[PDB]
Amino acid sequence: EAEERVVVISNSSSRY
Amino acid sequence: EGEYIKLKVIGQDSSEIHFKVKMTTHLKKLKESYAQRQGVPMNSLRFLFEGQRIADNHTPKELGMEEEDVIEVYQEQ
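For every chain, the first residue of the written sequence is numbered 1, i.e. counting runs from 1 onward, and this need not coincide with the entry's numbering; residues without coordinates are not included. The naming scheme follows written order: chains are lettered A onward, ligands numbered 1 onward. Excluding hydrogens and water, the side-chain values take into account all heavy atoms of the structure. Residues with missing side-chain atoms are left out of burial classes, side-chain pairs and their counts.

The deposited coordinates for this entry were obtained by X-ray crystallography, with a reported resolution of 1.4010 Å.

As structure tokens, this is what we get:
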């Protein structure tokens, strides 16, 4: 039995 | 603030992964996540809603999707 799978789909600090 | 709707993505093997998306989210993001979790390239798959191809920049609003709607995934033709 597979379990339920729910996936949620939701710069000066840079140094490179 | 808009709500997430929960979509069921059904694989060729009848497996399911559910995704929560907002009504204005571009569905490319769902496609990429699904392909990642299946271990295959995104461009090897086609994603259908009521038999019609889901574009990268389709949104649930454009497609008229609602809570608990189904997306079917097939191999790209």
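The rest of the description comes next.
Draft legend 1. Broad picture of the overall build of chain B. Secondary structure elements are taken from DSSP: a helix is a run of H or I of four residues or more, a strand is a run of E of two residues or more, and numbering for both begins at the N terminus. If you tally the helices and strands in chain B, you get two helices and five strands. Listing the helices and strands of chain B from first to last along the sequence gives β-β-α-β-β-α-β. Here the C-alpha radius of gyration of chain B, 11 Å, is about what a compact globule of 77 residues would show, namely 11 Å. Categorising residues by exposure relies on relative accessible area from a 1.4 Å probe, with only protein chains included: less than 20% of the type maximum marks a residue as buried, more than 50% marks it as exposed, and the intermediate range marks it as partly exposed. Out of the 77 residues in chain B, the part that is buried amounts to 38%. With C-alpha atoms as the basis for the radius of gyration, the globule rule is written as 2.2 Å multiplied by the number of residues raised to the power 0.38.

Draft legend 2. Up close: the interface of chain B and chain A. Any pair of residues with heavy atoms lying within 4.5 Å of one another is described as a contacting pair. Facing 14 residues of chain B, the contacting portion of chain A comprises seven residues. Using a 1.4 Å probe, buried area is obtained as the accessible area two parts lose upon being combined, added over both of them. Overall, the association of chain B and chain A removes approximately 930 Å² of surface from exposure, summing both partners, and the carbon and sulfur fraction of that is 55%. When residues of chain B are sorted by the area they lose upon contact with chain A, B:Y4, B:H18 and B:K20 head the list and together hold 41% of the total. Any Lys or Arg side-chain nitrogen located within 4 Å of an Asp or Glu carboxyl oxygen qualifies as a salt bridge. Inspection of the region where chain B meets chain A yields one salt bridge.

Draft legend 3. Geometry of the packing of aromatic side chains. All names here are of chain B. Between 30 and 60 degrees the pair is tilted, below 30 it is stacked and above 60 it is edge-to-face, where a pair is any two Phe, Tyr or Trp rings, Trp via its six-membered ring, whose centres lie within 6.5 Å. Taken as a whole and assessed by the stated rule, the structure comprises two aromatic pairs over all chains. Geometrically, the ring pair formed by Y34 and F47 is edge-to-face, given 5.8 Å between the ring centres and 85 degrees between the ring planes. Remark: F47 occurs in strand β3 (residues 45–49) and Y34 occurs in helix α1 (residues 28–38); sequence separation between them is 13 residues. For the pair shown, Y34 and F47 are each scored as buried.

Draft legend 4. Region of the structure containing the nonpolar core. All names here are of chain B. Ranked by internal contacts, the top residues of the largest apolar core, which has 19 residues, are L7, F19, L30, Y34, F47, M65 and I71. Secondary structure elements with two or more residues in this core: β1 (5–10), β2 (16–21), α1, β3 and β5 (70–75). Those residues in contact with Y34 that lie beyond four places of it in its chain are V9, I10, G11, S15, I17, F19, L45, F47 and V73. By nonpolar core we mean a set of buried residues, namely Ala, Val, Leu, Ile, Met, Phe, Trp, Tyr and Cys, connected to one another through side-chain atoms within 4.5 Å.

Draft legend 5. Local environment of the sheet that holds β1(B). Strand pairing follows a simple DSSP-based rule, namely that at least 2 bridges must link the two strands. The strand order across the open sheet built from six strands is β1(A)-β2(B)-β1(B)-β5(B)-β3(B)-β4(B), with neighbouring strands paired in mixed fashion. Among the strands making up the open sheet, the edge pair consists of β1 (6–8) of chain A together with β4 (52–53) of chain B. Sheet analysis places β3(B) next to β5(B), joined by four bridges and oriented antiparallel. Paired with B:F47 across the strands is B:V73, a residue of β5(B). Lines fitted to C-alpha atoms define the axes here, with helix axes fitted over just the stretch in contact, and angles between the N-to-C directions of these axes take values from 0 to 180 degrees. Each of β1 of chain A together with β1, β2, β3 and β5 of chain B touches α1(B); the most contacted strand, β2(B), lies at about 150 degrees to it.

Draft legend 6. Quick peek at α1(B). Listing the buried residues of α1(B) in full gives B:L30, B:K31, B:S33, B:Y34 and B:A35. If you follow the buried residues of α1(B), they end up packed against β1 of chain A together with β1, β2, β3 and β5 of chain B. Trailing α1(B) by a residue or two, B:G39 shows a phi angle of about 75 degrees, which is positive.

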